[PDB]
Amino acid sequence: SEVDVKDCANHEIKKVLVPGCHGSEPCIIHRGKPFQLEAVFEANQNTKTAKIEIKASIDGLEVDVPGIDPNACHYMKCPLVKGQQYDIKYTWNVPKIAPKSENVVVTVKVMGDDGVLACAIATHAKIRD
């Protein structure tokens, strides 16, 4: 369930797992259903904070992503230790009303005390149902 994502920092993200998706094949996101993911990254800094920013665009238009807790330290053992690897598991609820699209770009950026912790761009999600 390892999926291909584009790193946009310095390869801190080691592996992104989405059950039911793989590699660079179209990863189908079904409206109204849970979407599970798991990510393993290495901390590039000692940091008390880990804050998530998500940007999604559907056919080139930016859309709000509801239901995300911005504080990643709620789901991990902060503070983070430089050189250690952390695992985060999260289930996102796909809105029943999300616009269908075959051209989806998701950018997630994680900020710590001393700058970006992790950055990934995912281009293979498709929203259907």
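Numbering starts at 1 and runs along the sequence shown.
Per the PDB record, residue ranking by Cα B-factor puts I29 in the middle third of the chain. Among the modelled residues of the chain, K82 sits in the highest third by CA temperature factor in this PDB entry. Among the modelled residues of its chain, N71 has a C-alpha B-factor that falls in the lowest third, as given in the PDB entry. Annotation for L61: C-alpha temperature factor in the middle third relative to the rest of the modelled chain, per the entry.
Per the PDB record, residue ranking by Cα B-factor puts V94 in the lowest third of the chain.
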